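This document starts with two versions of one protein chain, written out as structure tokens and named structure 1 and structure 2.
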Structure 1
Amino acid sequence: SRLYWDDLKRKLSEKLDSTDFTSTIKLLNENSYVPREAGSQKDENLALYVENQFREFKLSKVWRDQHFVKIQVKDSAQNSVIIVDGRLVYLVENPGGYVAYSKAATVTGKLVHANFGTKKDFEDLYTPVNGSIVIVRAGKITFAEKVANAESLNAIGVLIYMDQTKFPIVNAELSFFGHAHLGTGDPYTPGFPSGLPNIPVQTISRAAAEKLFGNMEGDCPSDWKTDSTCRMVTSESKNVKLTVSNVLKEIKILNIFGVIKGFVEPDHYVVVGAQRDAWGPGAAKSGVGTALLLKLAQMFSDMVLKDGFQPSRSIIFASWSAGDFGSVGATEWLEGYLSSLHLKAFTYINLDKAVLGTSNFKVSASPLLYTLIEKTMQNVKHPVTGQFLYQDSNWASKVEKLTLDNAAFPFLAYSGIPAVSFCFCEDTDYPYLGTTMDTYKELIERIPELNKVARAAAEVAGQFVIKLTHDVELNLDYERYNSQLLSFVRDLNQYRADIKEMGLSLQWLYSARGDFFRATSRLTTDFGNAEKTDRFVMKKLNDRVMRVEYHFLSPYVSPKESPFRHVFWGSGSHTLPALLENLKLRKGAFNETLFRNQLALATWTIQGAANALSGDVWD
């Protein structure tokens, strides 16, 4: 009997009901696999464990992908934070954590609080930060962005801590880790035998921060909603000395892969991935994802070998290393297939940090995946309330774009592959990420129904996979870009009068929007008319749909200078938001020459994406 969606959905649900996710999470907190910094013996032990599991599940093929990359680690000299009061000097902390890609340096000066280190946070301070060290709270934005924002204003170093209000942790002495590269991948290693900080940056404990605040004056504003102990600026008699001595080290990292080959179009794949490495025990950070990855591979393999599931397209499971350093393992893999990966991999599903709580279900993705997400929400229940996830029909207008710290980001913004990340979470951040308290014990105490929540995260990802691989057609919603383009043109249209003043016209941009619109309609019509059983018609149409995301990567910038080339979701002067940010200044921070080029290049990119949607040259 040929299986249909209803049969597959009910089979998945059946297998999930008997799956024990918590045993696997707990096994990854055993002493043989913690802590597991990238390139460590323990990371490697876990890789080889994952490999041998994939083999046990009888995946079609299992393989290793190795890279040598340069990371930064702690030196043998301790990093330190010291109060200089001249007549006396005393140690505040030798911190147990560090920030990777810090400049190694020693600096001394005033200490100034900048809240979270957002651009607006700095703008609202009464104290200029130039020539000073800045202290900020973790959260809201990445460490890399905090450091970049501080550097932009000529700060000389950055301290980062977890305040009790946002991060209610009983232990005030807890250390933590992150990285400050404003990018992904290995920023160091040349092309023979970059978003990096030029100032030192260091994580300190809350206790350390509180000792600093005891040498500081001024209450913090109440709208910061932070602890009552917070203070704003060092006293005139005191300065802070920060010493960072981190060193570079070459490591070998292993990405572990397994595939279930498609029955019809094995050369096209959905890729499902999870970070394996972590500073410290990494239960929520890496354990949960890796457990999901293992259980999904096992279940899908069983569905194919025992239950008659015949996926049309391939399913790849990827266990990545050096995720903690900026998706380094995944980025290195992407970079090997510059310009061609999008012809093979048609979607990426990230599993990292999929279970951080119970209250909310959040999703970030390429618009191409929005219909798939919507249909999946209609068919998965919330693991505590029992209600289906689809309770807001206007959800798609609220989604936030993927960020630089999410492993799905480079797949979309660098490689042009539609990608999705999702989680069950709270409003508050999970407090133990990047610490030695990120353990199975803490995770099960905070989420005692962890097994049912993991089951729901598995069901989401499992349903994505089935939808993407089952039918002869691709469930990718290219028409979703009509709303994204129109929304942009709406934002641009606020500056119509500026545009007239400069002697320019939007006619060709309008016209390119209209061309893309009609071109998506025609492609939809063609799918509607195609003989669904003709493997040759369908492979041609599906090949076309797989190039839609890639054609929003600007062809006018080097991926070595600006890796995130996607004009909607990427970063730099070629993006559509950057065009609007410049034009916003014209009311001489505004650059008219840049704007002219930006309008031209955007228009060419959108028009070229419309043309690319036509089948043959004579159409």
Structure 2
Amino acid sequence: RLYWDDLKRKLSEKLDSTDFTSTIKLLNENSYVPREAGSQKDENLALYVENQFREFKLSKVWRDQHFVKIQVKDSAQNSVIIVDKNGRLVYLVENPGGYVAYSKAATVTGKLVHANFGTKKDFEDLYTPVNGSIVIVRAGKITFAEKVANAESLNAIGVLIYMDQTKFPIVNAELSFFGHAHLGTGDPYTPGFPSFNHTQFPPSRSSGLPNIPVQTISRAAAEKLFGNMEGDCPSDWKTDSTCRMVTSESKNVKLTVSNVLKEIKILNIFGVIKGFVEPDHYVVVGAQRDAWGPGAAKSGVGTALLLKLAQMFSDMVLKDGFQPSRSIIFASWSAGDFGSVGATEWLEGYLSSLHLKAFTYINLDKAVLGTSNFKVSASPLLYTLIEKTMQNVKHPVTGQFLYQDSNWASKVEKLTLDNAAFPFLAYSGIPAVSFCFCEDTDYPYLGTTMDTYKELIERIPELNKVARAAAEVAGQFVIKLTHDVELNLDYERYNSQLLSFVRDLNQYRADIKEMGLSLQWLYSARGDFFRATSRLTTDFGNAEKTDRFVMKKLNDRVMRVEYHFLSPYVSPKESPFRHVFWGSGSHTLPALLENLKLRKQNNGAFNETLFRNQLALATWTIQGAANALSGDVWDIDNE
């Protein structure tokens, strides 16, 4: 048979004989660019991936057809206009070629105030308030949707987004770019339920849709604006010297956005390698396919890694005697630029059919951006697998192993809204992982017309060797999760996450004591969960690995670990990101901390009646997951 070392070599052997740069080159040909979601060239690349999966001889290939509402530019030009001296002096700043999807169609006019990146901290550290005025913000740090939401939260009437040259060293100052301002994922006009014909598309509007117009402008347009603005941008921001803060007294900005909705047909292409022991369980490997521009780095690299991962793994099963216990699903989503729409509609549609069957999602999107750092954002259940992978996968340039920081897990950042792996983890309770070889600065040409293969190979000369290591990381992920009778998911990694939450909450024990409350039951839950994980490791130790009945009895308890952290007390339709650790909403553990921090200030920003309910449900959500992991219901303690 084949052990891990035999499979690691057979994977590493086929990686050296794989040409990745020629595949990325094919996906960037004239027939597949540009491929905005629902376009004809999007359907062309979908049909190519569909045929490629059949030639690889997978177990089965199928497709889903969704009809989602997106937003596109109108025949009427969007404009940014400066008006001076009571509307008697007008100045055309830019007729942008880009736009922000899901912006509100409106024309707002008033003061323009700079707010750095638009984060909540940036709006707090501002001299001028943004009440009733238009806001201009630099791209980065947070998603377009978060910028708009934070400006809306302070009653701003509009948002402008540009790319300064300090953070985005781009020679073309007239370059336009694209984004979306929906504070969520999926089709925002079918929130919480799939975009199938069965629903007959009832009137439903996501609460994440903004209610102010937002427009993107080039750096030249932003420098046109700064010539009409006063105040020096602080040195903390580390931006261009042409930066300014607030328009003059008699000067205003007239933002005109007139985007329109468009019902489009999107295609999700799938391929599956059926398992040999437990085929009803499976891992999912996905990669975004659509892009506003050419999307070589955003979409081309991801799809290329997906195509060759399916070819290599299908070759190993048929030609090298690979026998995975669980199945493997390869997926090429569409409508990813609008906010993981193709992937979210799949989860929202087949949630019942993959409740406790899909146990890991791997996202190959934007896996190659640079060569300096190897960053990863994932669920703690995959931290141990990621650590083991970094210890025997060599850097393309350095040649040393990826594992160089022993405190790497304490520095990991959580998955963000723009990541296609976020809805898998925060909504469906499926452990997810996103990884990339990148630099400390953002890939500047993302979301622009310059995200071509020419610009990608010029910045990364070793693109083939770098794309090979990205496949080796994702390849080792799939093998470790599918070949052995034991799942490489590490449930013990949540003991540090829970202990960090209880310790962080204990720093405000003074506020808790004066409200007549106690953290003693939250400590009890952390300890009850710790002992449940220690008992499960003991049960796995004394387990006869060949006894399939006892093993899947224990494996079914592991695949429930991530699910039992979804909040059982919230509506998945109006609050779909239910994961108390990584989701969004008042039910999350970070939301509990932000509220309690507001009590030491005498103002009534604190709610108390909400906090007491937050502490109650969060305490039992942890205690409930602990009691389910301990074993049977009759094996629980009482005080």
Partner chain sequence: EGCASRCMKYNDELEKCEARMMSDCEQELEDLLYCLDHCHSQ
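If you superpose the two forms and keep the largest set of C-alpha atoms that fall within 1.5 Å, you have the rigid core. Quick note, the numbers are simply positions in structure 1, starting from 1.
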Check: Given that just one of these two is the form deposited with the partner chain bound, which number is it?
Finding: 1
Check: Tell me, which of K467, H342, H382, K295 is the one whose C-alpha shifts by at least 2 Å between structure 1 and structure 2, with the rigid core superposed?
Finding: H342
Margin query: What does the CA of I373 shift by between structure 1 and structure 2 after fitting on the core? Give it in Å to one decimal.
Written below: 0.2
Notebook entry, point to check: Once the rigid core is matched, what's the CA displacement of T525 between structure 1 and structure 2 in angstrom?
Noted result: 1.2
Checklist line | Core-aligned Cα shift of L506 between structure 1 and structure 2, given in Å | finding: 2.1
